[PDB]
Structure formats: C-alpha cells, structure tokens
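The primary structure of each chain is shown beneath.
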Amino acid sequence: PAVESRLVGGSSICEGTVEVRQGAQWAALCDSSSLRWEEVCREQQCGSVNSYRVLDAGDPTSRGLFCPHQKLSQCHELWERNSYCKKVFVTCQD
C-alpha cells in the first residue's frame, strides 16, 4: 500500500496541515526539501507548492507519523513519533 497524503484544515484542499496514511488511520506527518511538498500538492491535483511552515515545535503532546526518506512515494513503512512531532502546513497554488 502506498503512502497517501492530504492537506487538512485549510480553506481549500490545496492548503493545510499534512496528513498521511498507509494501511491506516490518518495521522499528521512529522518532518525535518521542497521536493516532498511538491509531490504532496500534486497528489491533491492542485498546483505547485507555494509555501510551508513548520508547526507545533516544542509541544510534547504533538504526535504523528514519520518517514525517514526524502520522498513519501519511497516509504515502505511509516514510523510513529508520539511526542514532539513537528507538523507541516503546506499551501499549494490552485
């Protein structure tokens, strides 16, 4: 099963916090380079990434899933980061 991604919480599907899933519940993606965000925008069938900002630094309760490989499309398995997950807000063009 490929990793799927999606932008949650934005005023359209072209913007929002990145969420991912494999055989899964959806969970936030943790990150720490525009390569990955461009794939995420285009998989939504939006335009190219135009900006992103790291969210939730320093919050021990922030959790999600993590992929130790530049691109999502090259992850065979996501790993849990159950605290201090830095999430990502991506904004794509329409």
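Analysis parameters
Residues numbered from 1 in each chain as written, not as in the entry; some residues may be left out. Heavy atoms only, no water. Disulfide = S-S within 2.5 Å. Buried < 20%, exposed > 50% of the residue type's maximum accessible area, 1.4 Å probe, protein only. UniProt positions renumbered as here; feature names shortened; annotations may be inferred. Helix = DSSP H or I, 4+ residues; strand = E, 2+ residues; numbered from the N terminus. Polar contact = N/O pair within 3.5 Å; in protein donor to acceptor, adjacent residues only side chain to side chain. Contact = heavy atoms within 4.5 Å.

- By the method listed in its record, X-ray crystallography, this PDB entry was determined to a resolution of 2.50 Å.

- Per the PDB entry, the protein chain goes by the name T-cell surface glycoprotein CD5 and belongs to Homo sapiens.
- Listed as the entry title in the PDB record is "Crystal structure of CD5_DIII".

**Structural notes on the state of the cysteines**
- Enumeration according to the criterion identifies four disulfides in this entry.
- Linked covalently through their sulfurs, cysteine 67 and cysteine 75 form a disulfide whose S-S length is 2.0 Å. For the disulfide bridge between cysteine 67 and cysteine 75, the dihedral angle about the S-S bond is near 120 degrees, and by the sign convention the bridge is right-handed.
- Using a relative accessible area of 6% as the deciding quantity, one classes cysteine 75 as buried.
- If you count the bonded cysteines of the protein chain from the N-terminus, they pair up as 1-4, 2-7, 3-8, 5-6.

**Details of the UniProt feature "disulfide bond" in the protein chain**
- A sulfur-sulfur distance of 2.1 Å between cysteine 14 and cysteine 46 means the disulfide UniProt records for this pair is formed in the structure.
- Among the residues examined, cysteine 14 registers a relative accessible area of 8% and is labelled buried.
- According to the relative accessible area criterion, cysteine 46 is buried, its value standing at 4%.
- UniProt's annotated cystine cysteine 67-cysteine 75 is reproduced in these coordinates, with an S-S distance of 2.0 Å, under 2.5 Å.

**Regarding the side chain of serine 5**
- Mapped onto the fold, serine 5 is located in strand β1 (residues 4–9).
- Looking at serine 5, the relative accessible area reads 5%, which means it is buried.
- At 2.5 Å, the side chain of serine 5 and the side chain of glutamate 43 are in polar contact.
- Not counting the four nearest positions on each side in its chain, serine 5 is found in contact with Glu19, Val20, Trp26, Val40, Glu43, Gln44 and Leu72.

**Section: the environment of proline 68**
- Here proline 68 lies in the loop between β5 (64–66) and β6 (79–81).
- On the basis of relative accessible area, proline 68 is assigned to the partly exposed category, the value being 33%.
- For the pair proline 68 and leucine 78, spaced ten residues apart in sequence, the C-alpha separation works out to 8.2 Å.
- Excluding residues within four positions of it along the chain, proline 68 makes contact with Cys75 and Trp79.

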